[PDB]
Each structure stands twice: as C-alpha cells, then as structure tokens.
Amino acid sequence: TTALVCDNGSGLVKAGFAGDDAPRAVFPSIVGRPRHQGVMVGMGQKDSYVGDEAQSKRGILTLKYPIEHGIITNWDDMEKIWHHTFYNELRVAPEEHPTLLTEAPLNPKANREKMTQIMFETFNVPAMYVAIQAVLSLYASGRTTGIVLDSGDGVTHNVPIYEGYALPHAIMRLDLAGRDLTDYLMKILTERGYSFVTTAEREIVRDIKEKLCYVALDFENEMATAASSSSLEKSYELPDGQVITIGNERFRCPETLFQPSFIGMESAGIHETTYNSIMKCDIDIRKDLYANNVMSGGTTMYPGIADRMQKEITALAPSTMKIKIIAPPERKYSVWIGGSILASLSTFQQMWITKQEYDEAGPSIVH
Amino acid sequence: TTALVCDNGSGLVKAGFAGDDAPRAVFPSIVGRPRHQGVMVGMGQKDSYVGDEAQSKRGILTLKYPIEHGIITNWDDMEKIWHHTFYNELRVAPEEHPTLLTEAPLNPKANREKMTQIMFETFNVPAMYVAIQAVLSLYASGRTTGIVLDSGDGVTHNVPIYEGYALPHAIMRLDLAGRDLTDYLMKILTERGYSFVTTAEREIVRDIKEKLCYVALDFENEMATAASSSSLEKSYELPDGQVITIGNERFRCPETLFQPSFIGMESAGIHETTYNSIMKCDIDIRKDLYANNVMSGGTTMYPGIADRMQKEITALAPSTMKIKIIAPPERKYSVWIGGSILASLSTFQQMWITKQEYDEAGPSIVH
Amino acid sequence: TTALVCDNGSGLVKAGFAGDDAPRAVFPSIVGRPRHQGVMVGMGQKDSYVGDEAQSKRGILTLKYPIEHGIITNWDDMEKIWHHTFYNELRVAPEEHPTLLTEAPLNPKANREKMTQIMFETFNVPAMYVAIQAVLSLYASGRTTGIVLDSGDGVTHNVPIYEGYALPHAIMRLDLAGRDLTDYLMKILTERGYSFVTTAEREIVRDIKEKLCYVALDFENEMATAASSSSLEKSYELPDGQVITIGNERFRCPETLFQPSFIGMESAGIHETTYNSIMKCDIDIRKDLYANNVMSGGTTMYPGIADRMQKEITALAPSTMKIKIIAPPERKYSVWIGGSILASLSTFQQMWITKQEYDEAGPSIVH
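Residue numbers (the authors' numbering), protein chains in the order written: chain C, 5 to 371; chain E, 5 to 371; chain D, 5 to 371.
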C-alpha cells in the first residue's frame, strides 16, 4: 500500500513512509568488520555490524562509510544498508511499497542507472522515482523561487530554481564540506595535544563537530578575542574519562565554509558560489533570487550562521537590494519533508518508473 | 565416554571430569627422591614418592616442583605427575576420555607443542584441546568483557577480553608471584630468628603463607600500627613443637604485589600493570574495562584484597569513572569451573584436535 | 662565533657545529636513576648518569628515554640532556653560538613554544631557529621536489614538498615505528624462550634490532622458506654468555612497516600512506612526486628495503609511471647534513629568532 520516502543520505540515511511529520528512522550509515581476533568464542557474533549497533560497538570494528565524496563506493555494502533498513528497522516488504529515492545533481553517470537497476532487480519494488535532493528542499520550503543549499557530510550543492523552472547552466557543486571538516577538526585538535588517530575515535571528533562548534560573526575580531584571556574555551567530556578543552579551533573549523584556503581547497567559498551562481542567471530573475536564498541539510545547523552568511553575501551583492536568507527550523529533516509532499500529490505519481516500463527499457532511458 | 578437565597448575594441579561443582582431585604436584641412606631394608619403598604421600613423608625426601617459572622443567617428572594422577587418583583409562589441558598466554614455543606431542604419543588420548588459563576464567566469571588476573605460584598473567574478542597487544606477564613470595617470606622470617633453610621446611613457610598472612589497607599506616605495642603478632604452631610469633612481616610479604621493589624486581606492580594494560586498549573499550576487572587463582585469596586493589586502582585511574573489582567466591577452582563450561558446550568440541588430524599434522599446526 | 646544529633526536640526539661531514657527537639520550641500594659507600656516584656512561652502567640504573611518542616527557630530564651535551661533550659555551634546533611537523602546540622559551631563558643562546626534521632532509638530499620519510624510534613522518613550496593538507604522521618495533621484537623473542623482561635488557633487544634484523622481498615466500630446514637462523651472542638463535621473527619484526595489523595498529602501512599522500596532492604535481620518494632516518636502514618498498609502491601505483625510490648513503646523519647546509647559507640567517625579538615577543609569535 503506502509509498516510502527513503533519502540516500551522505551522512545519515533517512527513512519514513509517506507523511507526515519527520523520518521514522535516521542512522549514521556505517558498516564495520571486526578488527580484533576472536578468542572469546561464544560466539554469536555477526559477520559485519551495521549501525546503530556499530556505533555502540566502536573499537572492536573498523567503521567504513559506504558513500564517499558523494559516490557509492561499493554496492555490496550499500545493499546491506538497504536490506538492514527495510527488514530490521522499518519492517516492511519491498513488494508492498512504491519507493522514492534521492541523488545529487552533479554526480557521475551511470551511478543513478546502476543504483536504479540494482534496486529493481535485487529488491523488486513495484515502482520507483529518483529525485535530486535540492528540488525536494523547495517543496519543503514552500517557496516557488530561490537558490537551494543541500550541504551534508561530504557533498554540498547549490541549485537555482525560479517559478517554476530550473536554469541548467547555473548549478554549482562544492566538495568543501563536511567529512573534510571532520578531518580538519581532527588535524587542528592535534594543535592542543588531542590526538585521535584511530577510525573509531574519528566518530568522537564528529560528535564534537555537532555539539561544541560555532561560527564567528567577524573572523578577525573573533581571532582577536581568542587571543584574550576570556573563556572561549569549552570543556568536553570523553567516554574514557578525559576532559578536553578546546578554544580557538572551535570557531576556526566551521569558518572554512567562508575560506576554503584553510583546508587547502582551491575553489571559492559559499560566499562567492552564491554570488557567482546568481550572476550566471538572467538579469530579470536575479531580483527574486535575492531574498530567496534557502539553506538546507545538517551541516547548515552550526550556531553562527545564517547571520554570518547574510552579512557576507550582503557585502558582495550590489547596493540597495533586499537580501533575506531563509533558513527553516529542523533543516536536518528538510529533504524528507520534501519527499513526503511530492509522493502524496497527484499527478506526477504517474511519472514514476513502473515495473512494466523497467521490463521494456531497463537502465536505459532513466532520464 | 565423558571428557576430562585437567588443569596444568603452577601449584596445585587440578583434575575432574566434565561438570559440575568442583575438581575431584587437587594436589601439590611434588615429586621427591629419597635423600637419606636406606638401612632399614624392609624394604617396600618407592623409587620416587609423588604427592599427596610426598607431603606426609617430608624430610626423608627432597621435594622438586616440576613446573618452574611457568615452564615444565623436565617432562620425565611431568609424565609421572600425569601417570600418577590418571591411574592412582582419578582411576580412568586415557583411551576412554577426550581431554582438556591448560597453558599460560605468554609462555615460550615449542613448550605447548612438545607437551601436546608427548601426551598424544605417551597416553594416546582420543582427542585434546589446550586452552590458556585466563580465557577459561571468563567462562567461569560469566561476564563477556574484562581484564583477567590468573595469579598462581609462580606465574601471574593479565589478559584483556572485550565482547567477544581479545586484544593481542595488551597481554602483560608478571613473574612477581607466588614462589618468590614463598622465598621472600622465608627471607623475612629470618628477621625474627626463624630460619627454615631446608627444602622440606619450605613447605611449612608456604603453609604460613596460606593461613597467617594478610594485606594492608594502607601500607604507611599499617607500618605505623606495627610500631605500636598492639597485637599484630599471631602465634603459629609448628609440627615439631615450636611456637612461632610473627608480626610486621605477616602483612609485609603480600604487599610485594603492590611494590615489586621489596623483592627486588624491576617491573611495575599489579596497580600499574592493570592501568597500563587498560591504557593500551582502545578509547571506546576502556569504559567497560573499568568495572570489569576480574581476579582469579589461589594467590588472589589473601584477606586484604580486593579493597586494597580497589583503592589503589581508583587512585591512579581518571576521575569520575566507575570501578568495581570482581572477585568470585572460591577463586582457587575458577579455571576448572571454566573448563567444565567449555567442554560441555556445543559446537567448539569439533574444534578439538582429534587423532586423525594428529596423524596428519603432528606437532605442526597446533595453533 | 660559529653556529651549532643540534638535532633533537627521538633516539639518538645528534650534535655538531656548522659543517661539514657528520655530527661530532651522537648518543642514545638515556637518563638513569640508581635502582639498587648504595652500600658500597665510596662513594663517588652521580645523582643520575646520562649516556654514554648510562649504557656502560646498565642494570645498576633504570633507563628512561626523555622523549616518548615524539613529545618531550619532562623538561627536567631534557634540560639535563642539553646541559650534559653542551658542557661535557661538545665543550662549548651557549653565549658563544647561535643554535639550530629540530622538531616534528605534526606535534602538539605549545611544545615548541615551551621548548624555545626554556632554552632561551635557561641557556641564554644569542639566536635560535627551529626547523621541522623533514625539510632539512630535502636540503641533505639535494632534490627540489619529493615526499620525505623521517622515521626514528618512535615517530615517523611523511612530508610532500614540490619546487619550492609545501602542500599543507598532505602531511601524514604514523606512530608505527620504532620503539614499538623494539617492544614487538621483545614480545616475539619470547616465542623462542628468550625473555627479556627488564628495562636494561630492552637495550639488548634494540641492539639485535640493529644488527640481526632484515626485511623480506615477498612476505608469503619468506614465510615459506622459514618453514624449510634451511638456515634462516642466526646466532647472536649476549654479554652474559648466552647464545641466542632467532629465525622467522628476524624478518617478521620489520615487516610490520608494511602491515601494522601485526602490532595491532589500525592505521595503514607505509605502502598506503605513501600512495594516499601522493593522491591527496594536485594532479599535475603527482608526475614528479613519483620518482622523488626520499627516505631518511635510522629506522630506514634495515637490509631488505628499499626494493621491498619499491615493489610494493609500484604495485599499487597507476600503470606506466616511472617510480624510483631515493635512499641516500648514511641516512642516520641525513637530517644533520641538512642542518649544516641551512645555517651556512645566506640569507635566512636573518630569519632566525634573535634575543631582541625574544625580549619583545617571548613565546608568542614563534610561528
């Protein structure tokens, strides 16, 4: 009966049936093989633990994310993510639900084909559709115009949409955030003697990326007050007992979003990719792209944005033009709240790929 | 029919069929040749007396323990231990029982090979398995995680196990206790004029190590109250008639377990080997190694432990972490209660070495 | 007058004035307190012996290396290393020489500050500079491009440099070798019954790490010929009289450099850190990083490298690309031969920290 909205997270895969409030299942997408000798012999141990149990059994496994730089690294682990989610989380049969899957707008072909093809032949869903994650965040936002920011660990994208069409030549992909923000945080916590070399401990770094980080209002003046003796230093507690005190680096790591030079990436910041995508759109349409800048995803939830993002864009943009930055409550579930609206509406249900069409055309003509 | 659990004591060899309550036979493992001229001529005297009769015929023999510093000194005496136990104690035929043998985790190779090989070719058992003594104490404990302490006269070991695998690089071997505690007790009883120079009399020292010793709560303050006129002095009775009054040295000898400098050993105490083995294990796993410290063996049965061990570890360990020291009732039979659980369970019975495999591979591939 | 190049060894501190051939003084960096009771009463004994005399007075002391995991453990012993070297080895006055000190590229802050600050305030040098050990090995190598390997007991590093700039986001630190290779050698010599438990005896293990070890060409086939009766076994002689015969473990211990799983470290081998640091550098620059792989330090002097290192990298690297592994004669003095070239050249002498600047800025602005 009911359609299923399953979002192919970069993080953080999100799953829930059509409507209403939020995804029913969210989990960190990890598969982990056992890296220690089995001498206990109980045995009772699984061949590979998936999440969430692989986030409660850290250090006895070696966590490997299955999606890396926005591409699925191997479909052997990906299929196990899917199977684990459908059977032992959601508890639904594939033959009972038409599904809805997500992708990234600037991702290589035939990665959507191979995906679509494997999911139809392995799980035998009765119908399917694959949406780019940015378009769904417009439905979630409830605006009919604007530039969409889907930023997750680790693929960001910048898609401009105007009432009610998209401009093909204006889409910008930054590989700037967020797994590289995790790795950069791990490199600048070494500056205060906190060395987290192992795979498992890298998750702890990610947890400090959630809770303790913030973004500055003005870099130079936050760097100034960091030099002062005042308490920028916040004390985190670690599962083994250690108390970790981080200062400067706490606001330094997210600031990378405005200066990619810090992480050593040549590309221009969110600051400039916003401006340069708007100034690749037609003159008349720019008037309503200003004041319809819509952020989304989990990596836009740091405290110091959006009024940093606002002040930076407003400084580079032409004088005497109104700029408002639209940032929804609960951006982490934005894409999913999109998907729910889509699959419930008539009539584009009948633009979904159905099994009869798949039998005829296979991976051809997916576009 | 029934499998036999036979524990290769360092002491104190322990033997009993599979299940249930306790080993059927325990004995001090001594062989003794006759050190006096035979002029009685009855004769009727055995070429060498084994225990228990060699502990009732002391002084007419020279007792020689067959396992010394955790290694079997010669298999000529060891084979006589085995033969004596199977035939004139247990009263079982070797061809009727699959056996279960024990070893130490950090013991030289090919001492397990040579053992396995001699026992298969001499006693012709139909199947065999050799377990390290620490792993069996986990089965006895009924916990799935924790650091294991097998301390017997005279090899201790410290093995960390986490659900349900072992960490290879964290095993610590101290040669600190217990035959050196016997020898140290013999050296500090000389301080009160009790000189026990002969081999036989050394057993009497060992008996005073059992009954009269205790461990302090705080060394410095027990040393203080020893200087006081109050009765720390306890009167032991000796088989010849002598009444021996020991004071300070009564709590001094076990304290060596926390300060190896007293016996002149360079290595760090149980205090520090516990901490340093935990801080060689992964950060996430340390959280559940704290509060799963499991003691075992006969030399952990002194009265003043475990709350000395507790207070000392709790002082060196990081602040705000829960530490409980798990010390079973009847630790002297712990290993054996382990072995019983192992050989009764399916399926690792079919990971035992069988005669057909021994015919094919011999001492090769025992690992 | 003349500047002094003093290399802050992890081993093995190296010292010599500016130019020409080799360091004038090399020594094992040990401080040792006396672990036995002083009953001889001559007396004439020093409070603590430093090396070299602490390597001729082993067993009466407890040797403690002052640098542990690449960090200075306490500056009380470090200052005594420095004082001993300058006064009773080199025989130079601190006020007479501008000095040159070394560090590690991925080492916590403020460990270079605290060092610089203590050495300026304690020894009152008229000028100072602190170089990372890898950059100096490029000057020694005489190449203008390439990835630098500084591997000493016990911090390795992997720094890529291209004509004539460095790439910040490509530096990799492995804590894989070499004190852990010493400890691993001590753990696998126990497999042949050679138990070297004490601190002093650990030096003897280190000496067998120098002389008798080798690296395999192909692991699986060297493991095969080890199973054969052919003489891989080499006989070492020990200062007490013992003749030690080691076989398999002789080539097993260095092989850890290609498989960190053996020592239980989660990180990827030199094999993969070489490849993964090159494939984090820009596409155009990789062409000349291939064939400019430059090794350095004392722990790269084992016999079986570099043609193992070559064959392993050449197998993982893309097809049809020339790979040469540059390994200098006398790699143990490489860093120092670097330092000599640096301090002799104009003009970056005037980028050294001078006393006037230290008076003004102190430990601030060392970077």
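C-beta: ideal position from N, C-alpha, C; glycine also.
Item, Value
"Taking the alpha-carbon of residue 109(E) as reference, which of 339(D), 260(D), 194(D) and 294(D) has the nearest alpha-carbon?", "194(D)"
"Name the chain E residues that come within less than 7 Å of residue 267(D), Cβ to Cβ?", "173"
"Could you tell me whether any Cβ in chain D is nearer than 8 Å to the Cβ of residue 271(E)?", "yes"
"Below 7 Å between beta carbons is the criterion; list the residues of the region 240 to 262 of chain D that meet it against any residue of chain C, in chain order.", "none"
"Check the C-beta distance from residue 317(E) over to residue 279(E) and give it rounded, since I have them as a contact under 8 Å.", "7 Å"
"Do we get a CB-CB distance below 8 Å when we pair residue 338(E) with the residues of chain C?", "no"
"How far does the beta strand (DSSP E) with residue 39(D) in it reach, from first residue to last?", "Segment: none, residue 39(D) is in no beta strand (DSSP E) and carries neither H nor E."
"Would you check whether the ligand MN has a heavy atom nearer than 7 Å to the C-beta of residue 234(E)?", "In terms of ligand content, the structure shown is empty, and the ligand MN therefore cannot be addressed."
"When you compare only the Cα positions, how much space is there between residue 286(E) and residue 75(D)?", "20 Å"
"Which of the residues in the region 187 to 198 of chain D, read from start to end, lie with their CB under 7 Å from any CB of chain E?", "194, 195, 196 and 197"
"In terms of residue numbering, what span does the beta strand (DSSP E) encompassing residue 66(C) cover?", "65 to 68"
"Give the DSSP bridge partners of residue 161(C), in chain order.", "154(C)"
"Could you pull out every residue in the same chain whose Cβ sits closer than 6 Å to the Cβ of residue 331(E), ignoring the five residues on either side in sequence?", "299 and 310"
"Find out if the Cβ-Cβ distance for the pair residue 154(E), residue 267(E) is shorter than 8 Å.", "no"
"Starting from residue 105(E), follow its DSSP beta bridges and name the residues at the other end.", "134(E)"
"Spatial neighbours of residue 1(E) within its chain, please: CB distance less than 6 Å, with the 5 preceding and 5 following residues excluded, ordered by chain position.", "With chain E covering only 5 through 371, there is no way to say anything about residue 1(E)."
"Classify residue 50(C) as helix, strand or coil using the three-state DSSP reduction.", "coil"
"Given that a residue counts as buried once 16 or more other Cβ atoms are within 10 Å of its Cβ, and exposed if not, what is residue 320(D)?", "exposed"
"State buried or exposed for residue 140(C), treating a residue as buried only when at least 16 other CB atoms are found within 10 Å of its CB.", "buried"
"Mind pulling the chain E residues with CB within less than 7 Å of residue 229(D)?", "Those within 7 Å of residue 229(D) in chain E number zero; the least Cβ separation is about 16 Å."
"Determine the DSSP secondary structure at residue 72(D), reduced to helix, strand or coil.", "strand"
"What is the DSSP secondary structure of residue 220(C), reduced to helix, strand or coil?", "coil"
"Do we get a CB-CB distance below 8 Å when we pair residue 66(C) with the residues of chain E?", "no"
"Name the residues in the region 31 to 55 of chain C whose C-beta lies less than 8 Å from a C-beta of chain E; which are they?", "38, 40, 41, 42, 43, 44, 45, 46, 47, 48 and 49"
"Return the CA-CA distance between residue 57(C) and residue 70(E), expressed in angstroms with no decimal places.", "49 Å"
"Does DSSP classify residue 180(D) as helix, strand or coil?", "coil"
"Applying the 10 Å Cβ sphere with the 16-neighbour rule, what's the burial state of residue 228(E)?", "exposed"
"Determine the closest residue to residue 221(E) out of 202(E), 188(E), 114(E) and 259(E), with distance taken between C-alpha atoms.", "259(E)"
"Among 369(D), 107(D), 366(D) and 30(D), which one has its Cα closest to the Cα of residue 160(D)?", "107(D)"
"So does the region 161 to 169 of chain C actually touch the region 127 to 143 of chain C, counting three or more Cβ pairs closer than 8 Å?", "yes"
"Skipping 5 residues on each side, what residues in its chain have a beta carbon closer than 6 Å to that of residue 34(D)?", "55, 58 and 67"
"Does the Cβ-Cβ distance between residue 52(D) and residue 36(D) come in under 8 Å?", "yes"
"Apart from the five residues on each side of it in sequence, which residues of its chain come closer than 7 Å, Cβ to Cβ, to residue 171(D)?", "164 and 285"
"For residue 190(E), tell me which candidate among 206(E), 175(E), 176(E) and 182(E) has the shortest Cα-Cα distance.", "206(E)"
"Give the interface partners of residue 112(D) over in chain C, defined as CB-CB distance under 9 Å, in chain order.", "194, 195, 196, 197, 198 and 199"
"Taking the straight line between their C-alpha atoms, what separation do you get for residue 217(C) and residue 208(C)?", "13 Å"
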